[PDB]
Amino acid sequence: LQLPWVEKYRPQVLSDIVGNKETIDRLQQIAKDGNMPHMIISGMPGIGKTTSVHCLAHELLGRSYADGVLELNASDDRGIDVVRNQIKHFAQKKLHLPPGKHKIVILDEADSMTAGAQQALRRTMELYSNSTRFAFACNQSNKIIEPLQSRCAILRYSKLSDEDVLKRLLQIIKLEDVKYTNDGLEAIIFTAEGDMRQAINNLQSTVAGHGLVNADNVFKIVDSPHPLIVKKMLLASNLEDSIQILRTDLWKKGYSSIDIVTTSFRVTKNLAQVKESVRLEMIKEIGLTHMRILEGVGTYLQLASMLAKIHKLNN
Amino acid sequence: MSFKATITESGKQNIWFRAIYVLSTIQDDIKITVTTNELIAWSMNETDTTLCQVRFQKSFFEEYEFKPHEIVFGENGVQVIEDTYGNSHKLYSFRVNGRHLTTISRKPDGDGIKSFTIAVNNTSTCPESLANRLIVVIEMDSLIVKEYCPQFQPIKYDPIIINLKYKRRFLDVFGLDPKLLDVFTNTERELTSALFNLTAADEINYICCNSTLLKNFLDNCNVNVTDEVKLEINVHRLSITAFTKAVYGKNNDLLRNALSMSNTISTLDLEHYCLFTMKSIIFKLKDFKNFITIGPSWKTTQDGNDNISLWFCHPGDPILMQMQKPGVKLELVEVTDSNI
Amino acid sequence: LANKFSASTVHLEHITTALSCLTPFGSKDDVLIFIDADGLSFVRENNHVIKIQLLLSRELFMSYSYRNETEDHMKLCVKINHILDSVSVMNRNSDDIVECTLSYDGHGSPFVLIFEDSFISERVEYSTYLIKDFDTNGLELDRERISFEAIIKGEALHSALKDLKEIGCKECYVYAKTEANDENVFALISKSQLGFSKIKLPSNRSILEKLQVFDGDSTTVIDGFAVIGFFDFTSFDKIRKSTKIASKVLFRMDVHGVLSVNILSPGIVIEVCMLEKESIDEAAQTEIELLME
Amino acid sequence: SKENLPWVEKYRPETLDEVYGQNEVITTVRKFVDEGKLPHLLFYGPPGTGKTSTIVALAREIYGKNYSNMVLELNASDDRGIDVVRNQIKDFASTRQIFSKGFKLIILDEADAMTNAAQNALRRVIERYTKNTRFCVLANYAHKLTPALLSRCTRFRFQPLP
Amino acid sequence: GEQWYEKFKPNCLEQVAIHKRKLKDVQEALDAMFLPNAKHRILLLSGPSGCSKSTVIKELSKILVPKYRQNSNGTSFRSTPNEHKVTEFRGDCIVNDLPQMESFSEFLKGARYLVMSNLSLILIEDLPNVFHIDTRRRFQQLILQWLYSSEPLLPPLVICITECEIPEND
Ligand SMILES: Nc1ncnc2c1ncn2[C@@H]1O[C@H](COP(=O)(O)OP(=O)(O)OP(O)(O)=S)[C@@H](O)[C@H]1O
Ligand SMILES: Nc1ncnc2c1ncn2[C@@H]1O[C@H](COP(=O)(O)OP(=O)(O)OP(O)(O)=S)[C@@H](O)[C@H]1O
Ligand SMILES: Nc1ncnc2c1ncn2[C@@H]1O[C@H](COP(=O)(O)OP(=O)(O)OP(O)(O)=S)[C@@H](O)[C@H]1O
Ligand SMILES: [Mg+2]
Ligand SMILES: [Mg+2]
Ligand SMILES: [Mg+2]
């Protein structure tokens with residue numbers, strides 16, 4: 001069959017990863033040099049952490065990749081016994097590698113690892129660092145215990161810029177010979193919200209549905225991120241405007257009340273314009289409405305009353 | 001083929017498996033040293049309070065072959081030792097997971113084993129994947145063949161000379177039943193063949209006893225409760241006591257129950273006894289209990305004497321224990337209590 | 001009897017053996033019972049990836065009556081745990097039980113099992129459940145596209161399975177190759193904590209009765225071509241208990257990645273069908289080639 | 001048989017042509033199956049809009065009348081803990097098709113009721129076995145889905161019925 | 001390949017990065033612990049990650065153990081002086097004939113013998129799996145038994161615990 005473009009066009013070399021130019025350049029330097037230290041790679045979903053670690057391991061180990069890499073993720077058994085036996089035996093293995101090259105243990109989604117396993121990892125890292133190096137990949141670097149962080153170089157991946165997403169989208173379009181327009185690519189990038197995976201999925205969906213990637217065609221399938229709609233609803237200077245946004249853009253589109261209130265809390269946490277007193281009062285009202293929704297009264301009237309209270313506070 | 005060895009007899013396979021199992025109980029990883037005359041499997045615990053060593057002579061194996069000069073990969077395991085007579089001996093040492101080797105060496109409940117082969121190939125014509133792997137080939141009586149290749153890590157070998165020093169001290173101190181003279185001659189020959197050389201400080205005590213009585217007494221000993229063993233020898237009897245001291249908590253509450261079980265053997269029963277002129281020695285029991293079960297696994301009728309020899313000098317000094325079989329030497333060294 | 005199906009036997013060994021063979025598929029799940037004039041079959045499936053069917057023919061029963069006319073067969077579903085517990089409690093005095101009778105009166109009635117002793121009879125009724133939409137016939141060997149076939153002695157295969165289980169085997173690879181001069185190579189290669197290990201079956205007409213590679217069409221024999229099947233040991237090991245009583249085992253692998261094991265112990269016959277993994281990793285392929293060459 | 005059923009079940013759409021109101025989604029999914037390029041899918045919407053009906057109809061169209069043999073359906077009524085993801089879903093997604101009938105389909109209905117640990121374990125199962133298997137996740141509450149899972153799925157919104 | 005924190009690790013007690021007063025207190029306590037009849041049997045060091053607990057303990061042991069070890073009466077395992085000043089517990093060790101929960105129990109039962117001519121400092125940094133309730137209870141029992149033991153002679157026992165928060169896990 002035909003693979004989805006998200007997996008079909010997964011970068012296979014470090015030079016095809018867009019964004020985080022400084023970090024990717026440093027990874028390329030490490031690959032060409034060899035002296036890879038223990039590292040932690042943190043960042044939001046779909047920005048290239050897994051791809052970056054895999055590409056770096058491949059470039060470092062060459063043909064020895066099969067015998068020199070041990071990959072484990074949240075879908076595998078990773079308990080304390082695994083650390084005691086499998087990882088320990090891999091780190092004990094004597095493998096002849098070119099100078100400056102070490103075995104690599106990739107621990108994808110390391111944040112989910114249990115406390116006992118993480119504590120056990122300390123001793124193996126202490127003992128087998130001369131021949132083995134650890135690459136953790138996670139979304140929250142703080143979920144790795146401090147004794148493990150103390151041994152690793154930290155690398156934080158930032159959200160991808162519109163320029164990098166556009167460049168990769170153009171490369172994919174050229175490879176696939178896809179017909180498009182500037183407004184269509186703008187809409188895809190705007191709906192991706194910095195997630196390259198979502199951008200590729202939306203591009204593929206639009207192409208399959210209609211082929212030509214225009215703004216109207218993109219917005220027929222893809223929806224604008226509802227956090228922005230919630231921000232617009234909260235920032236409306238008129239009660240009727242907020243109510244109209246809540247009705248037309250969220251309620252009648254099938255968005256659940258619980259999702260609306262959770263997104264409202266998340267957005268209100270990041271409103272830079274408002275004062276602290278107003279912000280905390282809005283948070284209180286959102287929390288009370290959330291309590292009411294959890295009890296079973298998830299009605300449009302409750303959300304309208306929440307908006308009315310927020311507007312009252314703004315005055 | 002850097003090294004190759006084969007075992008065919010059933011009792012030989014039994015003793016090999018038992019030795020590997022005991023060594024695995026002592027430490028997670030066993031150390032194998034191949035020489036031009038013997039294979040040494042040894043183990044030492046984390047606290048360095050116990051050392052176990054089993055040496056299989058080349059005559060033990062049906063086929064034996066060692067070509068150290070062919071080793072290319074894993075060269076860090078190759079060692080050269082200079083003899084006192086001006087000779088160079090080549091050795092190859094490596095470390096292997098004890099549990100894995102024990103599982104490989106165990107006899108299937110239903111199917112028997114015809115031959116058991118262990119080999120190492122680190123020569124030039126060796127694939128990269130197969131480098132640093134111990135090849136094990138097991139032929140079954142049903143013509144089934146099983147193959148294993150557990151990984152190993154080359155290491156350096158540091159011989160232990162406690163046995164040689166104890167033997168020399170015992171010979172100097174106590175060196176008439178003809179058996180005693182035979183023991184003296186055997187010890188002198190062993191010391192001479194080794195690759196290396198009336199104050200109270202020269203205290204030495206030797207006990208040769210039939211291991212059957214000790215094994216019978218220890219069969220009732222549960223190491224989980226009786227963790228200490230005390231040997232008390234005088235000119236009339238030898239007492240072996242498996243014991244455990246009590247522990248009292250804050251308000252004298254019993255945190256750990258004391259226990260003791262003793263067995264006495266007349267000195268007449270003991271094969272030999274030499275004392276430095278009621279000697280007492282205390283050490284750990286688990287390792288001794290496990291070690292006493294290796295020799296009997298073969299059960300050789302010819303020259304069959306499951307006699308254990310013990311040497312001890314002073315509290316806090318090591319206690320040495322020796323057992324022998326037609327082509328196997330078993331050694332156990334333990335640290336003794338320093339009290340008094 | 002007035003029941004639509006009624007079969008009585010004096011050999012309690014067949015029933016307990018069938019339950020023992022079905023146990024590895026889960027102590028708490030469903031079992032399908034098919035009833036027809038030919039006999040009575042127990043069927044179990046796991047994870048839409050493995051299936052077992054154990055047949056009990058008419059001859060095994062001293063009495064067998066199938067009076068249904070509208071339908072040539074009857075299908076029902078029961079819970080394995082219920083039968084297991086009931087038999088375990090009832091079979092405590094195995095020396096005294098003299099007769100065992102199974103009965104069924106069609107859809108809407110329970111599956112009745114009666115243990116008849118000299119003076120005491122114990123009757124149990126198991127409630128039945130709707131049969132899942134999944135079709136047992138879905139997982140079957142394509143008889144027209146056999147990649148290879150082999151006949152093996154039960155004892156040797158059972159010993160090999162025991163060895164694989166005792167080393168904590170995680171992945172299994174069935175390797176089958178044929179050459180001239182009646183040279184055959186059937187082997188099981190295991191990936192486990194020990195690494196890669198091999199168990200080779202001798203090329204003798206005592207344990208490996210015959211081996212043939214058909215080039216994926218069941219007809220043309222090809223020499224020098226190796227057929228490799230990659231399986232998860234979790235599913236492969238489920239045939240160990242069936243092999244324990246097996247007298248002969250017939251392996252048949254097709255091109256669609258289906259392996260069928262027919263176990264023969266008048267007698268109890270078993271058929272286990274399993275799917276293989278999608279593909280073999282490069283490291284595993286290299287290690288298998290090195291082991292076999 | 002169907003006559004005794006409640007109308008909510010007696011009138012369940014059998015083919016995609018019987019699903020009304022979701023014209024855009026039906027159009028897109030039909031073209032995807034026509035080209036055979038189905039990606040991982042998320043169906044998000046309020047109760048009774050046609051999500052389960054649509055996914056079942058799509059499975060029927062892809063695999064004809066024998067879809068029950070190569071589709072693994074799980075819902076809130078089934079335990080779907082991390083152990084289930086590690087064993088059952090993993091083994092189904094990592095095994096060949098019954099008759100080499102393209103890719104396999106795993107339907108996770110009401111996936112908003114799954115635990116965070118199970119969803120986290122699902123990420124690499126979805127990613128690694130994409131060649132052979134495709135996932136469909138149905139939900140009414142998106143806030144219960146982890147960001148990683150949402151990133152991996154092509155999202156389709158079922159609107160309230162016009 | 002070498003990591004700098006290993007390449008440039010301290011070679012002597014003076015190069016250790018530690019406040020002078022804390023080092024003085026630790027040294028006095030440890031030196032007192034080595035005396036024939038020491039009041040304190042266990043020294044418990046606690047602190048955040050990478051604050052030189054184990055490093056300072058090892059550097060201090062390198063000086064204290066040779067000064068207080070009785071000269072062997074011509075007895076030793078190997079020809080070398082057996083430079084094993086520090087004996088550390090290994091939490092990932094698995095042996096054939098021992099349940100996991102008892103591993104630590106075995107270790108201490110050997111560690112008690114390392115006195116006088118076999119003197120060595122016992123260091124516990126890699127703890128057993130204390131997240132398991134039964135294992136933690138057994139560990140506490142063993143620590144209490146060591147504290148309340150009636151053995152006239154015991155070696156100094158140092159427990160280094162690195163304190164850190166456990167991130168919330170699903
Ligand atoms: N910087 C990037 N450049 C090119 N493609 C990218 C990039 N980031 C993501 N992608 C694409 O999206 C797919 C997934 O990328 P990943 O490396 O798995 O993202 P991720 O950050 O690891 O997501 P998580 O943390 O596992 S949810 C890749 O196969 C690429 O096709
Ligand atoms: N688009 C639709 N077209 C025709 N009938 C529908 C449609 N949607 C729902 N129904 C009818 O309502 C019944 C339920 O449809 P479902 O597909 O199960 O709705 P749903 O969106 O899956 O509900 P939830 O999210 O699980 S509460 C169907 O049997 C149909 O009879
Ligand atoms: N001047 C130095 N002082 C202390 N440590 C140094 C120094 N230079 C390099 N290092 C290294 O930094 C590390 C010090 O960390 P530790 O001694 O392990 O602290 P800790 O209190 O034991 O924290 P944990 O429990 O090991 S995470 C050692 O590996 C030292 O080898
Ligand atoms: Mg990732
Ligand atoms: Mg539904
Ligand atoms: Mg430290």
Side-chain angles (χ1 to χ4, degrees), chain A residues 80 115-116 119-120, chain B residues 45-47 49 222-228 242-260 282-286 335 337-339, chain E residues 26 29-30 32-47 53-54 57 61 86-91 93 95 98-115 118-163 166:
Chain A
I80 191 164
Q119 291 272 2
Chain B
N45 74 337
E46 298 292 326
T47 53
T49 48
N222 171 20
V223 295
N224 230 39
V225 292
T226 52
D227 83 76
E228 281 110 338
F243 78 93
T244 285
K245 294 160 195 117
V247 187
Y248 298 94
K250 183 176 177 181
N251 305 311
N252 255 28
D253 39 337
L254 184 62
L255 288 177
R256 137 73 64 100
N257 271 270
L259 188 58
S260 203
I282 298 163
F283 48 97
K284 230 180 164 282
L285 174 58
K286 179 180 182 271
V335 170
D337 184 305
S338 264
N339 277 252
Chain E
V26 172
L30 207 50
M33 274 172 95
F34 273 92
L35 294 187
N37 279 344
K39 188 228 197 274
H40 289 127
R41 288 177 158 180
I42 298 182
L43 180 65
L44 172 56
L45 304 191
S46 67
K53 303 190 292 297
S54 88
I57 285 301
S61 89
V86 181
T87 304
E88 326 177 63
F89 171 68
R90 180 139 76 74
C93 189
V95 285
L98 244 186
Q100 202 75 61
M101 296 205 285
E102 317 309 334
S103 183
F104 185 59
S105 164
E106 205 68 13
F107 174 74
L108 292 183
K109 282 175 169 56
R112 108 168 168 69
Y113 283 88
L114 306 171
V115 299
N118 317 110
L119 179 68
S120 171
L121 186 142
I122 314 308
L123 175 56
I124 310 303
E125 175 152 76
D126 174 36
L127 292 161
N129 185 15
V130 290
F131 295 95
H132 195 241
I133 310 202
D134 284 26
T135 303
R136 182 167 72 261
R137 201 157 28 237
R138 184 69 167 124
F139 178 72
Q140 283 165 353
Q141 285 138 246
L142 291 155
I143 294 295
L144 269 177
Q145 283 178 36
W146 184 280
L147 282 164
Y148 274 112
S149 180
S150 89
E151 300 265 28
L153 303 144
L154 291 175
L157 173 52
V158 181
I159 306 174
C160 294
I161 301 184
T162 294
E163 77 199 292
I166 285 69

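Naming convention: chains lettered A, B, ... in sequence-line order (proteins, then strands); numbering from 1 in each chain. Only heavy atoms go into these numbers, but all of them, side chains included; no hydrogens, no water, no symmetry mates.
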- Item | Closest heavy-atom pair and its distance - B:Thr244, B:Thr226 | OG1-CA, 3.2 Å
- Item | Distance, nearest 0.5 Å, that separates CG of B:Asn224 from CD of E:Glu102 |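 So the gap between those two atoms works out to 6.0 Å.
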- Query: Do the non-hydrogen side-chain atoms of E:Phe131 and A:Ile80 ever get within less than 4.5 Å of each other?
  - Reply: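 Side chain of E:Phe131 against side chain of A:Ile80, heavy atoms only: no contact under 4.5 Å found.
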- Task: Mind listing the closest non-hydrogen atom pair of E:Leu114 and E:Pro155 along with its distance?
- Result: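 Between these two residues, the closest heavy atoms are O-CB, 3.3 Å.
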- Charged N to carboxylate O below 4.0 Å: is that the case for E:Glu125 and E:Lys53? no
- Show your reasoning for whether side chain to side chain contact (heavy atoms under 4.5 Å, CB included) applies to E:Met101 and E:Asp134. CA-CA 8 Å; E:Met101 296 205 285; E:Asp134 284 26; 3.5 Å; yes
- If you look at every heavy atom in E:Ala111 and B:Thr47, which pair is closest and at what distance?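 Shortest heavy-atom contact: N-CG2, 4.0 Å.
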- State, with a plain yes or no, whether a side-chain heavy atom of E:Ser149 is found less than 4.5 Å away from one of E:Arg41.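 Yes - at least one pair of side-chain heavy atoms lies under 4.5 Å apart.
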- Item | Chi angles and distances behind the side chain to side chain contact (heavy atoms under 4.5 Å, CB included) call for E:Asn118, E:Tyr113 | CA-CA 7 Å; E:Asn118 317 110; E:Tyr113 283 88; over 6 Å; no
- Nearest-0.5 Å distance, CD1 of residue E:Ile133 to CZ of residue E:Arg137: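 Between E:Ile133 CD1 and E:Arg137 CZ, I get 6.5 Å after rounding to 0.5 Å.
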- Query: Hey, are the side chains of B:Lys286 and B:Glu228 touching, using non-hydrogen atoms and a 4.5 Å cut-off?
  - Reply: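 No, side chains not in contact.
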- Could you tell me whether E:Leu35 atom CG has more than 12 heavy atoms of other residues or ligands within 6.0 Å of it?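 Atom CG in E:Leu35 is packed in, count exceeds 12.
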- Modelled atom types, side-chain donor and acceptor of B:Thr49 and B:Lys284, under 3.5 Å: no
- Passes side chain to side chain contact (heavy atoms under 4.5 Å, CB included), E:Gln140 versus E:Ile143? Steps please. CA-CA 5 Å; E:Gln140 283 165 353; E:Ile143 294 295; 5.7 Å; no
- Task: Indicate yes or no: at least one non-hydrogen side-chain atom of E:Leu121 is less than 4.5 angstrom from one of E:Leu123.
- Result: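 Yes, their side chains come closer than 4.5 Å.
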- Message: Set out, in order, the CA-CA distance, both residues' side-chain angles and the distance that settles side chain to side chain contact (heavy atoms under 4.5 Å, CB included) for E:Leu147 and E:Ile42, then state yes or no.
- Response: CA-CA 7 Å; E:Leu147 282 164; E:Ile42 298 182; 3.8 Å; yes
- Query: Atom CD in E:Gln141, atom OG in E:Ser105: separation rounded to 0.5 Å?
  - Reply: 10.0 Å
- Which atoms form the tightest heavy-atom contact between E:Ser103 and E:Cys93, and what is the distance?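 E:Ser103 and E:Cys93 have their closest heavy atoms at OG-O, 4.3 Å.
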- Message: Working to the nearest 0.5 angstrom, can you tell me the gap between E:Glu106 CD and B:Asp227 CG?
- Response: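 Going from the CD atom of E:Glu106 to the CG atom of B:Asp227 covers 8.0 Å.
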- Message: Testing the basics here: between A:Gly116 and E:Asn129, what is the closest heavy-atom pair and its distance to 0.1 Å?
- Response: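 Here A:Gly116 and E:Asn129 meet closest at CA-OD1, 4.2 Å.
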- Should E:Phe107 and E:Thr87 count as side-chain neighbours, where that means a heavy-atom distance under 4.5 Å? yes
- Can you check whether B:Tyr248 reaches E:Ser150 side chain to side chain, under 4.5 Å on heavy atoms?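 Not in contact.
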- Query: Where do E:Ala32 and E:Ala38 come nearest, in terms of heavy atoms and distance?
  - Reply: O-CB, 3.4 Å
- Task: Kindly determine whether B:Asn339 and B:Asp337 satisfy side chain to side chain donor-acceptor pair (under 3.5 Å), including the steps that lead there.
- Result: CA-CA 6 Å; B:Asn339 277 252; B:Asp337 184 305; 2.8 Å; yes
- Could you tell me whether the side chain of E:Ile124 reaches within less than 4.5 Å of the side chain of E:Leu157, counting heavy atoms only? yes
- Message: Within this structure, what is the CG-CG distance for the pair B:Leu255 and E:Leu142, rounded to the nearest 0.5 Å?
- Response: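 The distance works out to 11.0 Å.
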- CD-CG distance between A:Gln119 and E:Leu127, expressed to the nearest 0.5 angstrom: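 The distance works out to 8.0 Å.
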- Task: Evaluate the side-chain proximity of E:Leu154 to E:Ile122: yes if any heavy-atom separation is below 4.5 Å, no if none is.
- Result: no
- Classify the ring geometry between E:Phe104 and E:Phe89 as parallel (under 30°), tilted (30 to 60°) or perpendicular (over 60°).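 It falls in the perpendicular class, over 60°.
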